[PDB]
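Notes for the one structure printed next.
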Amino acid sequence: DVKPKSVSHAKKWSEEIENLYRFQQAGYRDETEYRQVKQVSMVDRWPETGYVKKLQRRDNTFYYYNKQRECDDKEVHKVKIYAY
Amino acid sequence: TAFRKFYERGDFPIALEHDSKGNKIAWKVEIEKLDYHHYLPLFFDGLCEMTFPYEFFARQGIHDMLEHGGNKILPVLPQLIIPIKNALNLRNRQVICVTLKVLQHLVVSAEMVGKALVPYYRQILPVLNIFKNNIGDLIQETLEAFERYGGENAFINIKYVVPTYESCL
């Protein structure tokens, strides 16, 4: 029941925005909700880039994410940024 | 010893060098840029460390990250409860004192951390009964910090787990 206070939308891409994109693609606000919802030891990330590699969705299917950036410039504005 | 593996790993974000001029630690990376979801729990996993090189970089590491974490600390609080519990459950007096000072720092490091800690009192507070009376007064001082920054539900939840607790302020 640690929940964010407020939500804004991204305006330029970032490493943070990329990982937020990948969490929200799989249906989680961020790693805080994803670890709340799922029993998580580690979040599997790419070695060189740190980006999220795979996520188990709410229906227990999995999303896989590319080593390189996936959030194109058109999508940046749709990523939600949550403050705690 | 997940910290011992973290230590001297590649991702370890502190430079392993000692400058004569003090006991500051040199960060290879800026604290602001670290993913606290990954780093802060690893540093808290060092609360169990007592051997010389490790314990220093664990404690000073926790100190700086809490002092400069800001709004990065609250979203990570759930991931710290197991490391806090494990350190305290060693029933080592020195690990418990270091952890208590850290818990004091935790609940003042950022807004709402103290309140968000209340649901976990029953997971971390029990050991302190053994040592409830210098560790006794540090437990008392820590519990007052918890209650002071814990919101309206803090005392009742401190008392459920610490029946002998009492505090005016």
Side-chain angles (χ1 to χ4, degrees), chain A residues 1-2 4-10 13-38 40-41 43-47 49-56 58 63 65 67-71 79 81-84, chain B residues 2-3 5-6 9-13 28-42 44-45 65-66 69-84 86 106-107 109-110 112-124 149-151 153-154 157:
Chain A
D1 203 320
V2 170
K5 328 185 313 172
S6 36
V7 51
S8 56
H9 285 264
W13 184 85
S14 151
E15 306 215 321
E16 306 206 280
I17 312 306
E18 175 72 28
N19 284 313
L20 278 173
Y21 167 76
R22 302 181 173 201
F23 273 111
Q24 285 151 14
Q25 270 273 3
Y28 304 98
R29 287 192 303 275
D30 50 12
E31 180 166 349
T32 284
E33 186 181 27
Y34 174 80
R35 290 174 164 281
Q36 283 163 344
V37 178
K38 304 292 180 166
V40 180
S41 50
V43 168
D44 313 286
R45 294 173 181 280
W46 285 97
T49 66
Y51 301 140
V52 180
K53 192 164 183 308
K54 72 166 177 160
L55 287 178
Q56 183 171 24
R58 281 153 195 286
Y63 272 6
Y65 300 87
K67 175 168 207 53
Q68 293 319 322
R69 149 173 190 165
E70 281 190 14
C71 173
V79 182
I81 292 178
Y82 297 93
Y84 289 76
Chain B
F3 185 88
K5 196 207 166 175
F6 180 49
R9 214 203 281 142
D11 64 322
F12 193 71
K28 297 151 53 181
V29 185
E30 295 161 85
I31 298 171
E32 293 75 14
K33 307 194 189 160
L34 296 171
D35 186 13
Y36 271 48
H37 289 85
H38 175 86
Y39 285 99
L40 197 53
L42 289 167
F44 267 70
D45 290 324
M65 291 189 80
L66 292 184
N71 64 34
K72 307 178 74 177
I73 303 189
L74 177 68
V76 179
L77 178 53
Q79 302 172 249
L80 319 180
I81 308 305
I82 294 159
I84 299 160
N86 290 350
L106 183 58
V107 299
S109 71
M112 297 249 31
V113 184
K115 298 185 194 168
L117 190 66
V118 179
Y120 305 108
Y121 286 169
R122 73 168 170 99
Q123 280 174 71
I124 67 183
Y149 306 86
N153 225 238
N157 284 288

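No hydrogens, no waters, no symmetry mates; every other heavy atom, side chains included, goes into these values. In what follows, chains are A, B, ... by sequence order, proteins preceding strands, each numbered from 1.
Note that NE2 of B:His37 is 8.5 Å distant from CZ of A:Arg45, once rounded to the nearest 0.5 Å.
When every heavy atom of B:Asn71 is checked against every heavy atom of A:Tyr84, the shortest pair comes out as CB-O, 4.0 Å. Listed here is the closest heavy atom pair of B:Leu74 and A:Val2: O-CG1, 3.7 Å.
Within 6.0 Å of the CD atom in B:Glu30, the count of heavy atoms belonging to other residues, nucleotides or ligands does not exceed 12. In this structure, B:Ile82 places its CD1 atom where only 12 or fewer heavy-atom neighbours from other residues, nucleotides or ligands lie under 6.0 Å away. Atom CD of A:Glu16 has 12 or fewer neighbouring heavy atoms from other residues, nucleotides or ligands inside a 6.0 Å radius. Shown here is B:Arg122, whose CZ atom has no more than 12 heavy atoms of other residues, nucleotides or ligands within 6.0 Å.
At a 4.5 Å heavy-atom cutoff, the contact between B:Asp35 and chain A is made by side-chain atoms alone.
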